């Protein structure tokens, strides 16, 4: 409701892919998540679905945001707000609206918001090599992701004023909780190819086969019937959050560059600490004294981004993202100059 002018302007056209997330960051003084969250959640009528107070929502968003470390160059609440923005953009797509149920939407927007809560700016392999308490707690398995999901629920249901799930019927909540957990866990990168390949084999290939029969009468019905099964909506949701999570390369050039600087600095920090403690260095390439950020981005894009967005774009139709990805890939290439 009552929001300072500058912040109101910063939340300009959050519906467009081109969005100045850094101006929101500055305007909100490192509190972009509560502002974009409230607006996004309202535009999607989430409390009206969970039966919560716009006041209980604020308390929730506030506690989740506070548990994102501002000190992290990359994994701070701004990254979360950015992922939330990409998620809403995807949910707003015809293909997605025509495939997911409102409860999947709720799961996605919430998953995006909490997916990295309390991230320490270190990778899972680092926590394991160090014997960090979280690594011991989670038996060196999907350490951070399990933690984001768990801590999130502990903060939410641990206080009546934060519990945006308080007024839900056990069954509905139970299903929403499982969906949220599934999406957060799906962000662990070691499972990257498993998730993308399943999406390609169960969504893109079968759909191309049906779309060969043209776009006639019952044809479409057969298509919509197949895409809406619980199994497929799950694979679609996993793909959606994964793509929102690493969508930086598909953003306007200025933003793309900033995101690359932030994540790189976070990785360099870790490398300096690993060698300092004599711990095994996991990202030998990510050393601030040896690593070329543009070349690293190129490799990153070729390895994870290209094929994954290829598949996502074929299913949802995202020319804007693909054009940005091409332009940015060319920029990093153009910076060679040598």
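Take the two forms, find the largest set of C-alpha atoms that superpose within 1.5 Å, and that set is the rigid core. Numbering follows the first chain given and starts at 1.
- The stretch that moves more in 8 other deposited structures of this protein, judged by CA deviation after a rigid core superposition and choosing between 216-224 and 246-254, is 216-224.
- The deposited model assigns a higher average Cα B-factor to 164-172 than to the other stretch when 164-172 and 247-255 are compared.
- If you average the C-alpha B-factors over 297-305 and over 272-280, the higher value belongs to 272-280.
- Of the candidates 182, 266, 116, 212, the PDB record gives 212 the highest C-alpha temperature factor.
- Of the candidates 35, 68, 312, 49, the PDB record gives 49 the highest C-alpha temperature factor.
- Residue 11 sits in the highest third of its chain by CA B factor, as recorded in the PDB entry.
- When the modelled residues of the chain are ordered by C-alpha B-factor, residue 42 sits in the highest third.
- Remark: residue 26 belongs to the middle third of its chain, ranked by C-alpha B-factor as recorded.
- Ranked against the other modelled residues of its chain, the C-alpha B-factor of residue 82 as given in the entry falls in the lowest third.
- Per-chain ranking of the deposited C-alpha B factor places residue 98 in the highest third.
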